[PDB]
Amino acid sequence: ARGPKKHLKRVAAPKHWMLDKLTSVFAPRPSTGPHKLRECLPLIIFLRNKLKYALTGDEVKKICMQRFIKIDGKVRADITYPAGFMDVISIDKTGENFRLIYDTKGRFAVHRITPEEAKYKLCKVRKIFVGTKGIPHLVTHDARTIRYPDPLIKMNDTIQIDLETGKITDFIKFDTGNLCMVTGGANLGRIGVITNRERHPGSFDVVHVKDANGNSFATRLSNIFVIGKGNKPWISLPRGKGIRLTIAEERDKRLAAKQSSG
Amino acid sequence: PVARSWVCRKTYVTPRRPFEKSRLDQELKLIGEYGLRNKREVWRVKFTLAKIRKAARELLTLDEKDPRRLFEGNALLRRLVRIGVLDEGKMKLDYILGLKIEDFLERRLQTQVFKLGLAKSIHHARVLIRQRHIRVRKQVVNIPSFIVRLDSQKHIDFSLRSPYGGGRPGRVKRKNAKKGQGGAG
Amino acid sequence: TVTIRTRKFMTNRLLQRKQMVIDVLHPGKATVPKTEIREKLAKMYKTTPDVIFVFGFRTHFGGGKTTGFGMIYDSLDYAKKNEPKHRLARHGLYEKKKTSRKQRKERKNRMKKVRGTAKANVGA
RNA sequence: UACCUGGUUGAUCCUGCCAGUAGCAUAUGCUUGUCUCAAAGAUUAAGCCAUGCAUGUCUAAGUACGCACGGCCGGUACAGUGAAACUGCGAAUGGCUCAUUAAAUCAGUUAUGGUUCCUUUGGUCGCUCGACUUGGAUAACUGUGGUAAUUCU
RNA sequence: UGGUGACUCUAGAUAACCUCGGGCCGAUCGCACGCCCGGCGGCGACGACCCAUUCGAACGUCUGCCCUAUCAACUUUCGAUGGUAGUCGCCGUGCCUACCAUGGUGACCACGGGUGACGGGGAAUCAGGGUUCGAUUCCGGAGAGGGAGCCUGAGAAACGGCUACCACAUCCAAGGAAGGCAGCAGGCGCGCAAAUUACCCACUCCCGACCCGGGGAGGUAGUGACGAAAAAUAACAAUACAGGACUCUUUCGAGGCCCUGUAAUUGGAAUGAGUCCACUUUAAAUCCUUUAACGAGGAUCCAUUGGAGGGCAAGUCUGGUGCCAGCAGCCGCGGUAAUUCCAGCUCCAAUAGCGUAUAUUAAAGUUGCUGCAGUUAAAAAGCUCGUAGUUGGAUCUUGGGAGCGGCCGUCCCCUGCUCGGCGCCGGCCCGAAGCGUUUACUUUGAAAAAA
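Residue numbers (the UniProt record's numbering), protein chains in the order written: chain A, 2 to 263; chain B, 2 to 186; chain C, 4 to 127.
What follows is the structure, encoded as C-alpha cells:
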C-alpha cells in the first residue's frame, strides 16, 4: 500500500469481537483512538453484537448521533470509537453503566456497575516524562496525559482517576502481592496476586502471578495491569472472578447447572 | 472477496478394490437388511465409523489421566451413548473399537420407524419418511439418515397432519370418494 | 386458532420501542400475513397497530410454527423517525423515486460534462 | 484398511520394468428429475479493447444579493429551503492481476536510544514586558465571444 | 528535575541565532440567553505550533527458499568490503562525493544461468516417514501496454493524475485534439480451457462538511453436472406359483394356521416432479419453507453410463464378419464351432451420474532418513596417498541423613559473598538482589493474525 489502510476484513478482525464469517466481507475498522486496533472493542460491536439494542449499523448511527452513549464521562457520536480496557460506557436513558473488563475467556464481558462506581476508572501508566519547564507529565494505557501527578507514581503503576474532572485520587504501586488483571496473551482476563517480577535487561521482563485457587501462571510484564491493593480489588469483578476454570471443570459445571436449574 | 463459506467435505470414501466379491456381497447384505439405496449410503456410515475409530486410536496412544484425553474421550463416549450405539454400562473407549456398521444402521430413522412397528417393512419405512408421514417431538422429518438420539427414540410416531394420524385424508381417497359420489349419482 | 407467543422481549428507550422475536403457531393453514400478526400483537400488548413493525418470517419445515422479529414503537413520530425506509414503505406511508441507478449515474456523468447553471439542463 | 494384481518361460524361481488399482483437478464425451451450499478468461496472450458504469461529499455550526421557490412585522443588514460556485476533506482506501522478482519477496523474531506520521484521543493553546474587526481580489451570476472538435476556454 | 540495561535522553543554566521561498501566540462560525450603574459569562463547531497516543509506513537484527558445476572462482579506482570528512535524505548506512586502506564472498556451493517461481497462512495425498500443489477470496509484496520523470498532499514516484519517449490506436474542415478495462459487465483474439453489456445500496463496511448524499467495494438474482451435502424414480395387500419351517407319507400327495420370493394379474391407499391461487421471503422480487385447488398404473411423470477372455464384478447363448472390419491401458481376440469385433437377448458394476485425455498423490521398500540396491540380473573408481566433508577408544560421585505404606517402594538435603524479618546479648538461623565452564539435548514457561 502507498498510504494508510481504511478498511478491515471480517476474517482479519481480532478474534475476541466474535464477529461471524457470513454477514459481510468487512468488519468495522476502529476509528483511531486511545486503545490499539487489536485491544479495543468498537462501540457498534458493544451495541448491536453484545447488548443487542440495535440490529444493523444504521441503527447504531440512530442511537449514537442522539448523543446517549457516554464512554468514560464524554459523549461519543462515532459508531467505530475504540472503547477499550476499564473504559465506562454510560447509556443514560436506560440508567445503565458498563465497565469494559476482560472475561477470563479472552473476550470483553458486558459488566454492569453502580453509577456511584461509574464516576471513577483505573488507568495503567505507560511512562513518565518531565515536560517543557520541569512539569512532570504522565501517559496512561488510554493515553490520558496527566500533568503534575504525585511524585511517588512510577512507570508500571495504576491511578484511580475521577471521570468528571480527570484528576488522580489514589495510585497502586507495582509491588509483589498486589492483584493483577492480565490484559494480553494466552492469560488474557486472568486475575491473581503478583508473586515475582523477573528482570531481563534488554529483553522483556516476565512477571509470575499466583491465582486465587493457587493455579500459578506467568506473563510478559507489558500485558499485566494491577486492579487492587493485596487481595481487595478497586473495581467490581465480572462473575468467575478471573480464574479460568478448565474445559473439564466448565463441562461438569455446565452439566451441574443444566440439571440443577432445569 | 465475498461473504460465502466454501467449507465442505466428503462424507464417504470409495473402496480401493472395486470388485472384492466378499465386500460387494457383504455391502449388499447390509443394503437388503436395512433398506438403503446405494453403496454411498453404506460407505457414508463406514466413513463416520472410521473417523470415530481414527479418533479412538489417537486417544489410546495418550497416557491415562491426560487432561486432553479425559476431556476428548468422555466427549466421544457421551456422544456414542447419546445416539444409542454404545451402552451407559460399557462407556469405556476400548469398547469403541469393538463397534461396527450395524450399530449405526440400527439408529437411523428408517430402521427405528420399522422396528417400532408403525411401518410394515424397511422399504415401506423410507416411503413413510420420504412422504413426510412420521415426526420426532412435533418435527416432521423428511429424511431417513436422521440418527435417533436415545432419549428421542420414544417420540417417533405419525404426524398429526398425516392421514395415518388424525390428519386431512389424502389425495387418492378424496378423489375416489368424489368419484364414488360421481359414480352413485 | 392462530396463536402468537413473543420471546427475547427487550425495551429500547434509546430507539423508543419494544422489540421481541415473534413465535407464531398456525397448524393446518399457511404462513399468516404480517397484517394479521400486527393486529393480533396490537390486541396482545394494548397498543395501536400503526406503531408495530413485524418482519423477517421463516416457517420451520413441517409447518405448525414460524418465527419473525417484531418492534412496537411508542408513537408514529418515533416509528417514522428511527425505522429503515423500506419497512415503512411496506405500511404504505413512504414512497421512493421510480428512477433506477443506471439513469441517476448517466445523469451524474452528463452533469460533469457541463459547468455552472448548464448542469440543470441535462434532464431536459 | 500399514493390501496388491496381469505380462519375459516348455515349466520354475528372481531382478525389473510396462499395464492394471483408488484419490485428486483441468479439459472433455454421453446423460440429467427434486433440494442445499458453491468454484468459475489463472494456465495460452501482464494480448488488443467499442459502449455504459466503477469517488464523490453539507451541517444548527466556512462562503448565498440565482425571486429557482417562498414566510411578513420591516428599513438595525441576515426569515427559511436552497441549484451553481469558491472553500474544506477524500480521491494514496477498496477492486483487479501475478508480469517481474531466488537472501529478493515472504515468514517467525527482535530493533528504531536511527526515523516520519493527515486523522482520532489527552495534554498544551493571557507563560513572550513589546482593534466594536483591517487590505486587494476571484468564482458562481450578467454580458461579449472564438475553435470542425475536448469535462477547451 | 525525572528516566533507562545502556543517551550525546528529558529537564535546568549561560551566550547567541531565528531564514522575508516567513513556526506558534484564534481578525473564525453557530445554539441558548443571562447577570450586571456600558462590563462579566454558558453549550458547542472549526482552526492551531509542539509533546504524547492511535493508524501505520520506512529502513535495520537473528534464522529459514526450487533446479543447475555442460556455471569454480566472483566482486573492485564508471564503489567492490572498510576508514575519515562532508553532500543528499524523514532519519541509520558507499545512499553519494573527495582522499584513503586493499579489502569482501566461495566446495558449509559463492558467482553465473534457469524456473509452466509473487512469498506465506494453506491445498491434495497419506501407516509411520514423505511426495506434489498454492495464479486463486486472509496477511505481506508488486504492477497498471513498456521504460522514465514529476505536481499536489500527512501519505503517491499515483496512472478511473499529469509530463515525455517507445509500441499500438481514436477523432479531424488535415490546423489540431483525445487514449490506457491485469475495476464491473461486455467485445475481439488466443486457445483443450472460464458466466449477465441484469437489479440494489436494504445487509457488510468505507468516503464526505455528513443521523440525510455516494459506493460494479459489497449485496441480490441470471448462466453454472468445477466441486460438496441431503435425496424421488415406488410402497402395501388378494391371488395364481415356487422355496423353507410342521402332523403325515417309502414316493406322490393333503393342510396351510407360520413364513419368504416373483407375474404389463387385480385392488385401492400414498406422496411429490410438475401445474398453480395466497402468504412468507426480499430494497423489489426469485428460490426455500408454509399452504387452497389440480397433479400417477405401461405409475410412458419411461436412468443412464460403461462393461461381461484374464487382471476385474458379470454368458463358453444366438445372428453377422472371416488376420477384413474392428476391439484391445497390458497379455491378447479376429484366417468358417469369435466367451473379446458388429449387433439381439441376458447378466454385472457404479448410479443422477458414469466414461475419456492429461498433470499429480498413494500403490513406489521402482529414489529407499524411516527403508533399496552394487560376485553373476543395472551397478565397487586400475591402485594408493590426500585436504575440506563425515565419524571417532576407555576414564573424572558416591554413600547415606529425614519421613511415610505394606525386605521393596514415593519425597526434602549433601556451592559462596551487599540490602532486611519469626528472633537474640559485632554475629548466629533465614528473606531479596548481583557474580557464578561454555553449547547441543530434554522438560516447563512466555510469546506466536484470523480462516
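Where a beta carbon is used, it is the ideal one built from N, C-alpha and C, also for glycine.
Which residues in chain A sit within 7 Å of residue i, going by Cβ to Cβ distance?
i: B:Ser-6; result: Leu-23
Hey, quick one: how far does the beta strand (DSSP E) through residue i stretch, first residue to last?
i: C:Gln-22; result: 20-28
i: A:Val-227; result: Premise fails: A:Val-227 is in no beta strand (DSSP E) and is neither H nor E.
i: A:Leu-139; result: 137-141
i: C:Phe-60; result: 55-62
i: A:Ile-173; result: 168-173
i: C:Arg-8; result: 6-15
Going by C-alpha to C-alpha distance, which of the options sits closest to residue i?
i: C:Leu-18; options: A:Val-61, A:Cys-41 and A:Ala-28; result: A:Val-61
i: A:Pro-137; options: A:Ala-144, A:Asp-143, A:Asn-179 and A:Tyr-149; result: A:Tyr-149
i: A:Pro-202; options: A:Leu-222, A:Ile-45 and A:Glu-250; result: A:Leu-222
i: A:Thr-105; options: A:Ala-258, A:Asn-232, A:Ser-32 and A:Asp-212; result: A:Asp-212
i: A:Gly-132; options: A:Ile-102, A:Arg-113 and A:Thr-146; result: A:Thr-146
i: B:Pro-2; options: A:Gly-4, A:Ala-13 and A:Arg-3; result: A:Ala-13
i: C:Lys-84; options: A:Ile-236, A:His-8, A:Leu-189 and A:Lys-63; result: A:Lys-63
i: B:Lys-66; options: A:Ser-261, A:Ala-249, A:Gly-263 and A:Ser-262; result: A:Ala-249
i: A:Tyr-103; options: A:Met-87, A:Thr-95 and A:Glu-118; result: A:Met-87
i: A:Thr-166; options: A:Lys-120, A:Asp-143 and A:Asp-176; result: A:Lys-120
i: B:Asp-152; options: B:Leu-63, B:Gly-74 and B:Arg-80; result: B:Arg-80
i: A:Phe-226; options: A:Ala-55, A:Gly-215 and A:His-209; result: A:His-209
i: A:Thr-196; options: A:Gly-186, A:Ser-204, A:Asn-216 and A:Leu-139; result: A:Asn-216
i: B:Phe-159; options: B:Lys-30, B:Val-114, B:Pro-16 and B:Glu-21; result: B:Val-114
i: A:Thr-170; options: A:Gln-161, A:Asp-176 and A:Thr-177; result: A:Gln-161
i: B:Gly-33; options: B:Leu-106, B:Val-86, B:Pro-164 and B:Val-82; result: B:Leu-106
i: A:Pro-234; options: A:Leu-139, A:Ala-2, A:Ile-192 and A:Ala-110; result: A:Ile-192
Tell me the residue span of the alpha helix (DSSP H) that contains residue i.
i: C:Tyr-48; result: 37-48
i: B:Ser-163; result: Counting along the chain, B:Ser-163 falls outside any alpha helix (DSSP H), and DSSP gives it neither H nor E.
i: A:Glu-250; result: 248-262
i: A:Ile-195; result: Element bounds for A:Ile-195: not the alpha helix (DSSP H) but the beta strand (DSSP E), 192-199.
i: B:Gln-113; result: 110-116
i: B:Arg-69; result: 68-83
i: B:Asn-177; result: 172-185
i: A:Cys-65; result: 58-65
Which residues of chain C have a Cβ atom closer than 8 Å to the Cβ of residue i, listed in chain order?
i: A:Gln-67; result: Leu-17
i: A:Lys-125; result: Going along chain C, no residue has its Cβ under 8 Å from A:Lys-125, so there is no contact; the nearest lies around 31 Å.
Does the Cβ of residue i have 16 or more other Cβ atoms within 10 Å, making it buried, or fewer, making it exposed?
i: B:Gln-111; result: buried
i: A:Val-26; result: exposed
i: C:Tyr-97; result: exposed
i: C:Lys-21; result: buried
i: A:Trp-18; result: buried
i: B:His-124; result: exposed
i: B:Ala-57; result: buried
i: A:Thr-57; result: exposed
i: C:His-63; result: exposed
Kindly list, in the order they appear in chain B, the residues whose Cβ is closer than 9 Å to that of residue i.
i: C:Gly-65; result: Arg-133, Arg-136, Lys-139, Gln-140, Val-141, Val-142, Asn-143, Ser-160 and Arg-162
i: A:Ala-249; result: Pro-68, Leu-71, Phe-72 and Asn-75
What distance in whole Å lies between the Cβ atoms of residue j and residue i, which are believed to be in contact at a cut-off of 8 Å?
i: C:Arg-104; j: C:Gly-126; result: Wrong, their Cβ atoms sit about 15 Å apart, outside the cutoff.
i: A:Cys-124; j: A:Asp-151; result: No, A:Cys-124 and A:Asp-151 are not in contact; Cβ-Cβ is about 14 Å, not under 8 Å.
i: B:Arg-136; j: B:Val-142; result: 6 Å
Mind listing the chain C neighbours of residue i? Cutoff is C-beta to C-beta under 9 Å, in chain order.
i: A:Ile-72; result: Those within 9 Å of A:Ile-72 in chain C number zero; the least Cβ separation is about 15 Å.
i: A:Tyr-82; result: Residues of chain C passing the Cβ test: none, with the nearest at roughly 16 Å.
i: A:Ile-92; result: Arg-16 and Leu-17
i: residue 265 of chain A; result: Any answer about residue 265 of chain A is impossible in this case: the structure gives chain A only from 2 up to 263.
So with CB distances below 7 Å, who are the chain C contacts of residue i?
i: A:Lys-63; result: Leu-18 and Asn-85
Just the chain A side, please: which residues come within less than 9 Å of residue i by C-beta, in chain order?
i: B:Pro-19; result: In chain order: nothing, as chain A lies at least about 39 Å away.
For a contact defined as C-beta to C-beta under 8 Å, what are the partners of residue i on chain A?
i: B:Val-3; result: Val-26
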